[PDB]
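*Asks:* Requesting a structural model of the entry that follows:
(9 chains, ligands or ions: 30)
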Amino acid sequence: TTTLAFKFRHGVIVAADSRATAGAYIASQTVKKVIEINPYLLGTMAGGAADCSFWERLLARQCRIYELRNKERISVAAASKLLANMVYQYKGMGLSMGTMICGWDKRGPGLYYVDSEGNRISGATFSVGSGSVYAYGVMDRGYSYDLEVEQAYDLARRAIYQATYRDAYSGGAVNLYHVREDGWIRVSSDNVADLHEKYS
Amino acid sequence: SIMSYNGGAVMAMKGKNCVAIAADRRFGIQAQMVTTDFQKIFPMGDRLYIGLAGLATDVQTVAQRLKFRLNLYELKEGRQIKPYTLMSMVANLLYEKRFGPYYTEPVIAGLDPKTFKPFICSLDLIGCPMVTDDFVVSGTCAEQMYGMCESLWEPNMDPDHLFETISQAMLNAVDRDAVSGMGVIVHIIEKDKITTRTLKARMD
Amino acid sequence: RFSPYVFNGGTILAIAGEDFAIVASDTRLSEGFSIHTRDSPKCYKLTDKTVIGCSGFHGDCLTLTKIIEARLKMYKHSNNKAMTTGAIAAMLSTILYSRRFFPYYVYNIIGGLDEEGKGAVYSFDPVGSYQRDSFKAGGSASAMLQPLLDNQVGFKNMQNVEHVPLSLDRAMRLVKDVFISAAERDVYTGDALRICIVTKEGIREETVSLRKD
Amino acid sequence: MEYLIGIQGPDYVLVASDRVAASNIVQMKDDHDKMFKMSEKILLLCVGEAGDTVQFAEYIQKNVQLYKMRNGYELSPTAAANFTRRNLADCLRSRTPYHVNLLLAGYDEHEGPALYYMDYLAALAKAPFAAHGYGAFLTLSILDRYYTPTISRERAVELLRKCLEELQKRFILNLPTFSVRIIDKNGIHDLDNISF
Amino acid sequence: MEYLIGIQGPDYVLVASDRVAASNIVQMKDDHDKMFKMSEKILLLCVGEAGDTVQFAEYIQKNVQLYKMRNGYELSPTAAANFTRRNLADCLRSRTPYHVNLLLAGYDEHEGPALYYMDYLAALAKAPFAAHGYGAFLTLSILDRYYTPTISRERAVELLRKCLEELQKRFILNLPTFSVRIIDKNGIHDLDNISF
Amino acid sequence: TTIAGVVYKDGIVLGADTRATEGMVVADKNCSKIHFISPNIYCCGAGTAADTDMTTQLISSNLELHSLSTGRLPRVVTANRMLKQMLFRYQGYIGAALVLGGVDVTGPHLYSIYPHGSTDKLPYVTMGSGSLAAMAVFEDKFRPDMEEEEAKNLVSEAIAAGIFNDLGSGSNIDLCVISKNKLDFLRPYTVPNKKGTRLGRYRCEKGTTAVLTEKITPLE
Amino acid sequence: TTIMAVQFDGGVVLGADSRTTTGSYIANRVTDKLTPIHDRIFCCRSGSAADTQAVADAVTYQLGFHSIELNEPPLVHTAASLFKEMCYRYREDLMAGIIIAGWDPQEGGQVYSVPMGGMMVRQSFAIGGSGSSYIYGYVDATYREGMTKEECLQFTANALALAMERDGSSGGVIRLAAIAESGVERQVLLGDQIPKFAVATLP
Amino acid sequence: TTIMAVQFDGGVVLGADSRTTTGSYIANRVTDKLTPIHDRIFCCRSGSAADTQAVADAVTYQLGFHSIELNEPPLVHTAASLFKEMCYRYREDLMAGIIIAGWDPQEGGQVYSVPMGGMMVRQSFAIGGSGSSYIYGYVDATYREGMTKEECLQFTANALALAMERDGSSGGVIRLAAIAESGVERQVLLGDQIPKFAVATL
Amino acid sequence: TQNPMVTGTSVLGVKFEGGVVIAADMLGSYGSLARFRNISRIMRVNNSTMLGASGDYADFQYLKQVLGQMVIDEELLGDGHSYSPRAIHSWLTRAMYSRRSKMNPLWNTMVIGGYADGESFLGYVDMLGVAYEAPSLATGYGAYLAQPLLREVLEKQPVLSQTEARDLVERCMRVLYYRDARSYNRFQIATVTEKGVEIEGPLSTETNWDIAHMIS
Ligand SMILES: *[B]([O])([O])[C]([C][C]([C])[C])[N]C(=O)[C]([N]C(=O)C1=[C][C]=[C]C(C2=[C][C]=[C][C]=[C]2)=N1)[C]([C])[O]
Ligand SMILES: *[B]([O])([O])[C]([C][C]([C])[C])[N]C(=O)[C]([N]C(=O)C1=[C][C]=[C]C(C2=[C][C]=[C][C]=[C]2)=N1)[C]([C])[O]
Ligand SMILES: *[B]([O])([O])[C]([C][C]([C])[C])[N]C(=O)[C]([N]C(=O)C1=[C][C]=[C]C(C2=[C][C]=[C][C]=[C]2)=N1)[C]([C])[O]
Ligand SMILES: [Cl-]
Ligand SMILES: [Cl-]
Ligand SMILES: [Cl-]
Ligand SMILES: [Cl-]
Ligand SMILES: [Cl-]
Ligand SMILES: [Cl-]
Ligand SMILES: [Cl-]
Ligand SMILES: [Cl-]
Ligand SMILES: [Cl-]
Ligand SMILES: [Cl-]
Ligand SMILES: [Cl-]
Ligand SMILES: [Cl-]
Ligand SMILES: [Cl-]
Ligand SMILES: [Cl-]
Ligand SMILES: [Cl-]
Ligand SMILES: [K+]
Ligand SMILES: [K+]
Ligand SMILES: [K+]
Ligand SMILES: [K+]
Ligand SMILES: [K+]
Ligand SMILES: [Mg+2]
Ligand SMILES: [Mg+2]
Ligand SMILES: [Mg+2]
Ligand SMILES: [Mg+2]
Ligand SMILES: [Mg+2]
Ligand SMILES: [Mg+2]
Ligand SMILES: [Mg+2]
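*Replies:* Residues are numbered from 1 along each chain as shown, chains lettered A, B, ... in the order given. Ligands and ions are numbered 1, 2, ... in the order given. There you are, the coordinates:
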């Protein structure tokens, strides 16, 4: 897997590949690794497929309950914290999860990295998964807070693409989302083979 | 597993008065692709090719050590080696290392240099030979390869059909294997020519 | 070390059509180098609209299918309607995850009709990860069947071919072909192929002989 | 932990390597050189286990030089790469394996510039660019993103610098300085070290 | 990997900590803060295993703030140190041990400045200066060499800088920036980050 | 693998299946497991295939050197000794499990030979992962001094038992019948298994596969 | 396996069961565990089939060559010594529990045990193999000084029958041999001929 | 240890050796392995001394209480059932090879084996413990249907003596008991009174 | 049970027209030692159902106790309903699975035969909860030595008479005595038909040892 996200002037870009594997067997090329927690909050999945899906679905449940009880949107901080507090209890039991919680709340664009080891950290950019090292190289050389919207799309797409090229465990399609002040949008889905054609 | 460290896949296939041999092009170390034009199929004669998958170091070693022995064989004898005789030469080489083997499992494809009859075989890493009249496969996606070849192969295929079958068997097989692919090369061996193609292929 | 698992073989397959779903499996049940029986299907009717294929450790296949049956009735009692194909899939995901720390050793594929009468396939890993698919192979020979389905149903790696709708007749031919190919090479797959065809009119059953070696 | 990188253009090969020699938590040397001159137009860059790396590289170097003395002309980059591979592979299953990872960069009169990659198993690949060490994980995609076969040497040094900056930013180890050399028709040229 | 340092002068305690959050070969955050404000005049600096570190420090922090709310005045740096210790020690042999190493810095109206050191086993030691992490191995002897009990805060920041420069020179990890805070009679003050 | 042998009134019948597996995948549907030792001696092999191939070839070759020298038809006991002394020397690391049968100047003889070098001389034996299925048939049905066709029926039934009950065994039944007067190497004897009929045409037209690069190299 | 040999005035009687096992599969139900080493000297074999066959063939060779050289029948004690030397020297690589018995003109009927490890000891009678555990009490109660050949045959057949009933690794038929100046007489007790002792069912 | 019991018409005979070992040190050379569980019901114990003592005391308690409640002598079959329940339930934590034998008015003399693992089977006669291995062939050849009490005593004493000579973990004295309607008669065979069988010298 | 102690070997079963026959030797082995040579490894469960068990005999006696008590409980009600063979096979599958799922198996492999409502029932359950039905079954070494012979006969003639099924079982028991080193030549045959469950024994097979003189 390769997932990335970054904050910038115009919100938060979120992108992922779509491959799943069982050892070296390619189990799927069409996994949705960006989960719609609510209309203003996305979670990304890397690591154990069942673990990520379950715990992010549970997070969506809890955020929704929260919203009902409190009569307001959960913050990115609080959502990411709910997730960390849920998984902390399982440390050492072999869960494997690395997620980015991406939104826009009263503090503006929000991005937290949360994993099954117990880390929870806010930051400007992150990449997670077996391909992350490859995505970081490209993302880091092109990233700027003042990226224009379309440049930010290009960067995310290209970083995931390049990761799919080097990392045997990333592939399929690049799926790209943009969190804006009034909600996330799905921006594109591009098969890596069609991107290959384009970038040469 | 030692044989999955570099990944990779080769197959060979028999038609009507022709043979085909194919391989992926990736050289990678566990998850990391290093190169996309790694050679796995080596000429052993005008109409006789060996394909090796397994640990890349041994792929190279075996190909080079085999060539050493073959060249000596051909200089000493009158003549070009016969396919079956190459098989036996390779069997002997591998079985010498019975107790510390090379980690490669070759396939051989060619035409008898006098009679032009098609020949294909594979061997395991200690040199057990297996001749077949249809296809042979070796590599990290052998199951995928077997599925494709069992479903598509037919007897008596002409060069064009043989090419389409070996190509489609390879592409679709390696597209279910994380550590094989990054391109596919195919050689079609006929009496009067060798045709070498690289295929449009997924690069993930 | 008592081991609580053993591998019992079996291949499964589902295909979604416009207005049908196929779920198919072989009928061999194996252990070690032996055959327990030649007549043990891996498909189970859940509703008029939903069939499930299960392979892996047979002790878990039996238990899990019995759990699913009970839960379908509990749902129906508490909500006054049968579970949909999609709700069965979602529920199965949670039942698998409940054993996250002692898993059911089962590969599951659901085939059925969705709420618009279209074919639906959902495929699972043993701890409950899943998604919708157009087709899927599972179990012992899955690596052998999957690539061919990718190519022939997905049209992958093919140029100059019209991406036509999958007819039931062609889907049927494909299913019989791939299992026959699998019986050639997977030692666990053989004896017979059982095919369930789910349509608006109900669920019908075909059986095809496979090699017994 | 040790970083090697190479970039081959039309008529040169550019190479760089970190200058740290580490032991446990400390850098013990900050001006270390991981490059070995084999001939006028060949550099071997070697990393891996202590002892093995120098013993191996110097053995190769002496034998390449010996070849020159016996025969009055030098081994081609390709021939030297294969010689290097024969030795490594022959030692792999022996009582004395060498745990080393290598690049071999050279320029041949007739074949032009060449860059070879070798791992400790003795798999040999020719490549237009390549890198070794954990740092490779963070830089190979930078090279995939920007490299073109006709890349000029000025832009290669720039591309190299982007790689090295990415290590300063993102890599967990402190690699503050790098040796940089280029090889072309006129031999081996030392460039300024790239430093932070 | 994580570095904490403290230096106590006559009427203040200076503390600093690296700003990296690492994972495998990469820095994932370069502006990380390892300090937790417990009260107006108490900082807890906490490193160790992921999850344990925040879960532990925030539990202490909430309870110290609770103590303020219940009682209308704050726990002394020494009380809070012993409260922290009691918790860590009571968890040591439980089903939920916390794998964390700490410093506790504070200023009391009557006792003056204090710096406490605690390891994951929950041994507590009061010290004139101290440090945690692999970086401590390279910097404690710098502190032993130049610290005096009457050291002024300007020279403490200089002394701190010597320590941090020694990491840049000698330590294999890339720790380029540090948070620096001081505590005295008037509370907690943020100083400029020390950066390279 | 299922391999087996019987002594009948006038000779030996050896039998084998034709499946070779790699893990739990069939690699070869038509492996030949009944190996030539000398014109009057054959040897079925089970266990590690390279080992049974190379071991039988080596002993056959040494026996041909022996008979060239002695000018006589080789003895079964000689093949047995050579095999077992070599297998013993290698301490079971050569994984050849063999059924050795032939006819020499002293009549028919049959031995089973194990990888660690023990042998048993017996009027019927089986080896391989199917050997208990094949042995069940023999215990139930063997009689001394069978006629040729009864012996052949019995062996092929035993091999069939292995074929159908052992996942390691399959495909065809080969027999080899060896008497004073005759050698009948019957490959295949029976073909009890056949691939099902390929229900779809997939007729992949020229151009279906996209090509990046092409080089034609002509030859003479 | 269960093996046994008994001395009498003028010779020896030997006996074995006939079961070879691999795990609990019977790979030979009619094994001949009593192997001639020379005209009037046999060994009874237990433990590894491969090992005891290799060692017996080697000793046969050594003894045959020695005997031609000396131009006399070999001593039983010599055959035992040769087994002992090979079983002791290679005690780390062999699993062999052996009984050597036979007749020679100098010392008459003799029985030697060479158990695992490679010690050697002469005895009036010997038992070995996995099944021998179950007959120690029986042989110790039943042995008498001065038994005739026929008594030694019956004693042996009874002991082995008892062991075979109880030891899962022993069974099949009972092979017996008697060795004396006059030669070697071999026979097989099978089916109904094996001595029979009721299962002690409830009154 | 070697333990044995034998049924006769009217009662049972029980026997044991008297050796307790820790490794190959003899921690008691005159152990009493035959323990009364009720007036006419004994158990012979082998395996762990701690386990079989704790289990026997427990079953003695259960059986005594049951017997007072019913106001009748307990069945031998009941005593065996109670050992079985405890030896089966705790089979993973106990090392206990037991023989239960005795007399009751309903079924007369009875012998039950409760070997390790906790199965229970009635038998004409039973043997157990490490030394029993060496007397299977002897008891199988020598046992006859219809032996008298006296014959059972001699048969038991001989079997035990043979086992004791061969089994390093058995030895010392032979304790015997006969149980019948009339009561329990115990005795010890020591030294010269133990049956004797020559070492087979050349 | 973590470690089996006294154990039984194969159990065989085959359906025939009007019933089911099962067979099991009478041995409890303690490792290689043929220790208890007269124990029954077959249970009459009720009138329509019988069970035979391989594996740990104490665990079998526990199952027998439990199952016997369940049948008594049900009979007490006198309500016209009885556990069918299939119900008992279901119960047994759940009980073994459940014990397997607590990592504390009952160490047995079982064959359930029955006859109810005109149908022969024959079902297998193992210590892991693997369960299925088939026209013939054989546990332990019987899976390798007896099942091939049962299946071969059944393929030529799927419907056997009672006497044919009995003879076929006897031939299988002989093979087992020849080739399983934990078998014993003293066995029971249990049969269930319309009339109920009959257990016969102790039975022995004839054996042939002519091959003992065919070595030279
Ligand atoms: B990515 O991190 O590489 C990707 C993330 C995404 C959420 C799918 N992760 C995976 O592909 C993981 N794969 C699985 O978890 C997986 C896929 C198929 C089967 C199984 C399985 C689980 C339990 C028992 C058997 C099989 N797991 C990762 C690569 O492992
Ligand atoms: B007796 O000691 O029980 C008997 C005596 C022997 C014939 C001299 N020993 C055995 O039956 C032994 N069996 C074998 O040695 C044997 C025979 C055939 C094959 C194998 C084998 C060994 C290793 C791996 C696979 C097969 N062993 C003994 C008790 O096992
Ligand atoms: B018999 O089974 O050999 C005999 C029967 C017993 C008296 C009922 N058992 C033993 O002698 C066993 N010995 C003990 O159980 C024993 C006695 C005293 C101390 C210890 C001991 C145990 C653990 C650590 C230290 C000491 N064990 C014997 C066969 O184990
Ligand atoms: Cl997708
Ligand atoms: Cl809430
Ligand atoms: Cl943070
Ligand atoms: Cl060579
Ligand atoms: Cl050669
Ligand atoms: Cl021989
Ligand atoms: Cl085999
Ligand atoms: Cl036998
Ligand atoms: Cl011994
Ligand atoms: Cl012995
Ligand atoms: Cl016991
Ligand atoms: Cl006992
Ligand atoms: Cl004592
Ligand atoms: Cl009994
Ligand atoms: Cl009953
Ligand atoms: K098959
Ligand atoms: K033998
Ligand atoms: K026996
Ligand atoms: K005691
Ligand atoms: K003693
Ligand atoms: Mg691939
Ligand atoms: Mg990829
Ligand atoms: Mg088969
Ligand atoms: Mg070394
Ligand atoms: Mg913890
Ligand atoms: Mg050995
Ligand atoms: Mg205890």
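
*Asks:* do the helix or strand that contains residue A:151 and ligand 25 meet at all?
*Replies:* Secondary structure assigned from DSSP states H and E places residue A:151 in helix A:149-166. Yes - Helix A:149-166 is in contact with ligand 25 by Cβ under 5 Å from the ion, via residue A:164. C-beta: built from backbone N, CA, C; applies to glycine.

*Asks:* for that helix, packing partners?
*Replies:* Judged by 3 or more Cβ pairs under 8 Å, 6 or more residues apart in numbering or on different chains; DSSP states H and E, the packing partners of helix A:149-166 are strand A:3-8, strand A:11-16, helix A:132-142, strand A:173-180, strand A:183-191, helix A:192-198, strand B:32-35, helix D:135-146.

*Asks:* quick one: residue G:13 and residue G:157 touch, right?
*Replies:* No - under the criterion of Cβ atoms under 8 Å, residue G:13 makes no contact with residue G:157, lying 9.3 Å away.

*Asks:* Comparing these two, which residue is more hemmed in?
*Replies:* More crowded of residue G:13 and residue G:157, by other Cβ atoms under 10 Å in any protein chain shown: residue G:13, with 29 against 20.

*Asks:* Tell me the bridge partners for that one.
*Replies:* Beta-bridge pairing of residue G:13, defined through DSSP bridges, involves residue G:6, residue G:178.

*Asks:* before we move on, back to that, please identify the deepest-packed of the helices and strands packed on helix A:149-166.
*Replies:* The highest mean neighbour count among these belongs to strand A:11-16 (a mean of 28), with neighbours defined as mean count of other Cβ atoms under 10 Å in any protein chain shown.

*Asks:* tell me the angle of it relative to helix A:132-142?
*Replies:* With axes from the mean of the first three to the mean of the last three Cα atoms, to 10 degrees as the criterion, the two stretches strand A:11-16 and helix A:132-142 enclose an angle of 150 degrees.

*Asks:* Sheet-wise, list the partners of strand A:11-16 with their directions.
*Replies:* For strand A:11-16, the paired strands and their directions (DSSP bridges) read strand A:3-8 (antiparallel), strand A:173-180 (antiparallel).

*Asks:* How far does that strand sit from its chain's centre?
*Replies:* Chain-centre distance of strand A:11-16: 7 Å, with Cα atoms, centre = their mean, to the nearest Å.

*Asks:* does that strand come close to ligand 4?
*Replies:* No - in terms of Cβ under 5 Å from the ion, no part of strand A:11-16 sits within range of ligand 4; the closest distance is 8.9 Å.

*Asks:* SS state for residue G:157?
*Replies:* Applying DSSP: H, G, I helix; E, B strand; the rest coil to residue G:157 yields a three-state assignment of helix.

*Asks:* circling back: could you dump the strands paired with strand A:11-16 into TSV with distance to residue B:46 added?
*Replies:* Converted to TSV, the strands paired with strand A:11-16 look like this (distance: least, Cβ to Cβ, whole Å):
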stretch	distance to residue B:46
strand A:3-8	51
strand A:173-180	44
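
*Asks:* Including distance to ligand 8, could those strands go into CSV?
*Replies:* Supplementary listing: these in CSV, determined by distance: least, Cβ to the ion, whole Å:
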stretch, distance to ligand 8
strand A:3-8, 53
strand A:173-180, 50
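
*Asks:* Let me know which of these is the nearest to ligand 5.
*Replies:* Minimum separation from ligand 5 across the strands paired with strand A:11-16 (Cβ to the ion) falls at strand A:173-180, 22.4 Å.
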